[PDB]
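J.: Sequence plus experimental coordinates follow:
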Amino acid sequence: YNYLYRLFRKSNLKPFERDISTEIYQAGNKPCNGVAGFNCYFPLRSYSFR
Amino acid sequence: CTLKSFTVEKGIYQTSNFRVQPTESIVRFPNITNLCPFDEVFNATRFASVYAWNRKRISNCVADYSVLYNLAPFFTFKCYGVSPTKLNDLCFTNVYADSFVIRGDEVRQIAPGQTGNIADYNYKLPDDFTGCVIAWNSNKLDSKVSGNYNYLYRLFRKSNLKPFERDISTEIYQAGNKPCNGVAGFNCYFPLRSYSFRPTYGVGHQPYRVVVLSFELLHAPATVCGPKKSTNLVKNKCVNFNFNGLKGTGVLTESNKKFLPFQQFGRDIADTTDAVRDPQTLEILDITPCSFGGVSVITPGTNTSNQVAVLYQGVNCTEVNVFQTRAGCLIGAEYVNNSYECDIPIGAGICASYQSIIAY
Amino acid sequence: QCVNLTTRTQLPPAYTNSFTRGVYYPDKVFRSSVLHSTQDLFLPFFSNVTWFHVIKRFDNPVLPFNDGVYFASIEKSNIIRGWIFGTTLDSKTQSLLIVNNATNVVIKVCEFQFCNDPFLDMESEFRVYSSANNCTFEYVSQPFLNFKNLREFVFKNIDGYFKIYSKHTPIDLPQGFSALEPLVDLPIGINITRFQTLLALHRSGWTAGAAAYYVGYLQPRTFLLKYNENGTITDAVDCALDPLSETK
Ligand SMILES: *[C@@H]1O[C@H](CO)[C@@H](O[C@@H]2O[C@H](CO)[C@@H](O)[C@H](O)[C@H]2NC(C)=O)[C@H](O)[C@H]1NC(C)=O
Ligand SMILES: *[C@@H]1O[C@H](CO)[C@@H](O)[C@H](O)[C@H]1NC(C)=O
Ligand SMILES: *[C@@H]1O[C@H](CO)[C@@H](O)[C@H](O)[C@H]1NC(C)=O
Ligand SMILES: *[C@@H]1O[C@H](CO)[C@@H](O)[C@H](O)[C@H]1NC(C)=O
Ligand SMILES: *[C@@H]1O[C@H](CO)[C@@H](O)[C@H](O)[C@H]1NC(C)=O
Ligand SMILES: *[C@@H]1O[C@H](CO)[C@@H](O)[C@H](O)[C@H]1NC(C)=O
Ligand SMILES: *[C@@H]1O[C@H](CO)[C@@H](O)[C@H](O)[C@H]1NC(C)=O
Ligand SMILES: *[C@@H]1O[C@H](CO)[C@@H](O)[C@H](O)[C@H]1NC(C)=O
């Protein structure tokens, strides 16, 4: 589980652009305020490599 | 810049094109109607047991998922193989809604690659499952103080379930070597056991209602496609329009053209799209192209002076030392009622000369 | 339920001239004061169109769909109620049913076990199919409907999309021009090769009301369409009919 990918972001990246910001994503109308909850997910999820 | 030289000889040069630059983007799609029957699936009074899990096919409608997120009781929204955010964008051929009721600690078993009583004997998802699973607590609907004995599950089965397979059989499970012959007892068990729901149970045993949305794409045209983003309509300004996939830039004005009820787009003599019908509002709008003009620069030699005049061809002077000619609007030259020989030709009997720049 | 009709009178089907009928709007695009050339599935001008009568005559054969169908109905009292489309017209394949009963217009796509002689019969007796097992699509729509009415329909099955074009005219076939407006765009995605129309009997045995229908087939060709100031098609030229129209 050491390899993680950015599942959620507000906008598409530019070419040769790296995003390492571990900020929460607002997936719904309701703001998340930096706290996980309903439709508030961590953007980086790990691959289940077996 | 146009002439690729730093010295400009005396004359009139067509150099540029006046354009009203686009300011906003206006994207419209048809009104979201014919709502998929999610009210019959999620807000039903009485679901089915997990062994006889209820499957409803969903097609030829528009599915919105923002209904589900606005209810705070729907606690579990876990989705595999598709983005939950792109559920209204990516769209599919058929949607299968599987509804059942389990207990609290078996919601984890509703996932690809899980094991348990529900996964192997009641409800199995494939390893490549593309869809969402939704679960919520239902103490106030499915628990009874005397006990709810109308919810059943399969505890015993000879072999594991295939994905999206049901078994409603009540055949007696033979666990031993003696034949059961339909009578229960020792090494002969009835396969269906009751989910005796009571409101005073712990949270892992309280009843949870689960709806599994499974999305499939086939060779058929994908006729289940959710809401499309629409913004407000702005008229009389040069904006970027996009109606039903058809994109462009133009000024959307009121139209006097009476369309027949079946027509959407409009073409002129030159086969250019000049009329349209807004998807949300059944009004006819003319798409007048943004006010294009040829910008011609009237100048003497740069050796003599750097003063210039600008001719906007075929543009009225109110739509851009201002003079109106039949060629267009001339700005920067002062009309003189005297007549001289033609030095720089403007057109329609108008000529320009340097003495400031005069037009006559 | 099915009922065999054994009281028919043997007669060969007739043929007549199409004149300038069968024209429809090629697309959903408005055009004003222009002439536009289109290469579409059209019915040729002055073509040989099959003529069937309902008078004891009860004409309900099953015809090949080909690439498109023009159906003309010289109708009074609304005897003709709908059509059947499919490949084998049984439960083996999937079939499309179009009906308009006394109340509402119903479109269904199911695997119907069709009768050999399906018909309609106050109207309270429906004998069209015996079973419908796998239904994939349903669509409920508005009522479509001396001889007084000319009903013109064009059916096309292109790219799995079934297009119904319709026109109603207050009235052999009349000689004139009437453009068919597009009525139904249907997403079926099924193969159609054969069709059969549905009639309504009158019971007092049974009596057939006076009606006539015409079946024509569409071929790929170019038409020169004339659009007026209001965007209504008023005239057309068949480019492959005669050298004068080819010059036009
Ligand atoms: C009406 O007549 C048709 C044609 O004669 C009947 O269709 C046949 O019915 C027999 C019944 O044994 C079948 O074996 C044939 O295969 C049928 N033919 C076709 C082409 O399907 C029809 O059954 C008759 N209707 C009723 C109610 O008997
Ligand atoms: C169920 O009922 C609630 C009660 O307010 C409602 O808001 C919701 O739209 C209904 N439908 C679904 C699918 O949740
Ligand atoms: C579509 O939405 C508009 C927006 O107000 C509404 O006025 C209209 O009644 C809706 N329906 C149709 C068929 O235009
Ligand atoms: C129409 O077809 C029939 C047979 O198919 C033929 O006898 C008849 O002459 C044809 N009529 C015309 C006008 O071509
Ligand atoms: C449609 O059906 C006919 C016979 O009914 C068959 O010959 C043809 O190949 C079929 N076409 C397609 C695209 O399946
Ligand atoms: C017409 O058909 C529809 C669909 O089967 C049905 O609901 C309706 O009752 C029918 N009308 C009559 C008068 O039988
Ligand atoms: C079509 O119907 C038959 C019998 O009613 C059934 O066995 C078959 O599974 C159905 N096909 C589909 C795709 O559901
Ligand atoms: C076009 O419409 C106008 C107004 O609706 C009408 O006066 C005119 O006669 C129409 N043109 C034709 C050719 O019918």
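T.: Thanks, I have the structure now. Numbers count the residues shown, from 1 in each chain, chains lettered A, B, ... in the order given. Ligands and ions are numbered 1, 2, ... in the order given.
J.: From what I see, residue C:205 and residue C:3 are in contact.
T.: No. Contact criterion Cβ atoms under 8 Å: residue C:205 and residue C:3 do not qualify, at 11.1 Å. Using the backbone N, CA and C atoms, a C-beta is placed for each residue, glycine as well.
J.: out of these two, which sits in the busier spot?
T.: The residue with more neighbours, out of residue C:205 and residue C:3, is residue C:3; 15 against 8, by other Cβ atoms under 10 Å in any protein chain shown.
J.: Quick check: the more buried one vs ligand 3, distance?
T.: 44 Å (Cβ to the nearest ligand atom, to the nearest Å).
J.: now residue A:40
T.: Counting by Cβ to the nearest ligand atom, the separation of residue A:40 from ligand 3 is 32 Å.
J.: Tell me who's in contact with that residue.
T.: Applying Cβ atoms under 8 Å, 6 or more residues apart in numbering or on different chains, we find residue A:40 in contact with A:24-27, A:32.
J.: Is it correct that residue C:1 is in contact with residue C:129?
T.: No. In this structure residue C:1 lies outside contact range of residue C:129 using Cβ under 8 Å: 9.2 Å.
J.: Give me the common contacts of the two.
T.: Joint contacts of residue C:1 and residue C:129 (Cβ under 8 Å, 6+ apart) are residue C:115.
J.: Have a look at the two and say which one is more surrounded.
T.: residue C:129 (22 against 9).
J.: Show the contacting residues for the residue lying closest to the more buried one once chain neighbours are set aside.
T.: Spatially, and ignoring its direct neighbours in sequence, residue C:129 is nearest to residue C:112 (4.0 Å; Cβ to Cβ, 6 or more residues apart in numbering or on different chains). Counting by Cβ under 8 Å, 6+ apart, residue C:112 touches C:89-91, C:95, C:97, C:128-129, C:131-132.
J.: now do 7 Å
T.: C:95, C:97, C:129, C:132 (Cβ atoms under 7 Å, 6 or more residues apart in numbering or on different chains).
J.: how about the residues you listed in TSV, adding distance to ligand 1?
T.: Putting the contacts of residue C:112 into TSV (distance: Cβ to the nearest ligand atom, whole Å) gives the following:
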residue	distance to ligand 1
C:95	14
C:97	18
C:129	12
C:132	17
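J.: Neighbour-wise, give me the winner out of those.
T.: The most crowded member of the contacts of residue C:112, judged by other Cβ under 10 Å, is residue C:95 (26 neighbours).
J.: Distance of it relative to residue C:214?
T.: In this view, residue C:95 and residue C:214 are 23 Å apart by Cβ to Cβ, to the nearest Å.
J.: Can you tell me the centre-most residue of chain A?
T.: residue A:43 (1.4 Å; Cα atoms, centre = their mean).
J.: Contacts only, for the residue nearest to residue C:185 when sequence neighbours are not counted.
T.: Using Cβ to Cβ, 6+ apart and skipping residues adjacent in sequence, the residue nearest residue C:185 is residue C:163, 6.0 Å away. By Cβ under 7 Å, 6+ apart, the contact set of residue C:163 is C:156, C:182, C:185.
J.: quick one: which of those is nearest ligand 1?
T.: Distance to ligand 1, by Cβ to the nearest ligand atom, is smallest for residue C:156 among the contacts of residue C:163, at 28.3 Å.
J.: circling back: check the contacts of residue A:40 against ligand 2, which are close?
T.: Contacts with ligand 2 are made by none of the contacts of residue A:40, judged by Cβ under 6 Å from any ligand atom.
J.: And the residues you listed, which two are furthest apart?
T.: A:24 and A:27 (9.6 Å; Cβ to Cβ).
J.: Name the SS class of the residue most central in space within chain C, please.
T.: The geometric centre of chain C, computed from its C-alpha atoms, lies nearest to residue C:71 (Cα atoms, centre = their mean), at 3.4 Å. Under DSSP: H, G, I helix; E, B strand; the rest coil, residue C:71 falls in the strand class.
J.: same thing with residue C:244?
T.: The three-state label given to residue C:244 by three-state DSSP is helix.
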